[PDB]
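In case it helps, PDB author numbering puts the first sequence at residues 1 to 113. First comes the structure, then the notes that go with it.
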Amino acid sequence: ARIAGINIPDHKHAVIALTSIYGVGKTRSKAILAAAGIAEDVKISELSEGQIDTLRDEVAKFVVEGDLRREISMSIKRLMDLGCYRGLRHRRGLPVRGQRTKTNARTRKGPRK
RNA sequence: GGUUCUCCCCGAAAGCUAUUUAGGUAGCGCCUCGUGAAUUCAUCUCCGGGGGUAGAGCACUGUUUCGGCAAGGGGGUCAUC
């Protein structure tokens, strides 16, 4: 299938296109392939009649899609409700990694203006 | 501006329209003289009408207050935005 989340890309290797499965990435790809006992030399283009099962099965074992994107974003407000550092820093846009906001932090403040 | 004898009858208008017209003039309206015509015309009563003014009203068009108060809120305090 195209499974959970619309589209699975094709005209490229199986592992690759599996990285484009909104919560599956570099490792996590070849880890499903290893599981499902199948190659990456073959593309997804070929979509095996075996691999077709394991698509939904192994992405069903991982927190992915809406499920993950829920939980994370539920927790950005969780701390926010409790007067946490991690909390308020999200509504100023600020980091939590001790980064340079004397100079940098132009992914947290947006770019130079 | 002035415009000269007499008697008798009826008797206006200062409105409208147009005008290089607005103190002019023309037509009409209104007067007069004559000739036709009509229970024509006029009034009044009775009978039938359409009316949007006066008055009144506040649905509508706007406008005004005052209670409540569906919604908005300016405004303050607080948070996470």
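We treat Cβ as the ideally placed atom computed from N, Cα and C, and that holds for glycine.
Item                                                                                                          : Value
Inter-stretch contact (C-beta, 8 Å, three-pair minimum) for the segment 2-15 and the segment 51-61            : yes
Three-way DSSP call (helix, strand, coil) for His11 in this model                                             : coil
Classification of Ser29 by the beta-carbon crowding that lies within 10 angstroms, buried from 16 upward      : buried
Simplified DSSP assignment, three categories, for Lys102                                                      : coil
Buried versus exposed call for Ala17 [16 or more other C-beta atoms within 10 Å across all chains shown]      : buried
Beta carbon of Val59 nearer than 8 Å to that of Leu33                                                         : no
Sequence-distant residues of the same chain with beta carbon closer than 7 Å to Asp81, five excluded per side : none
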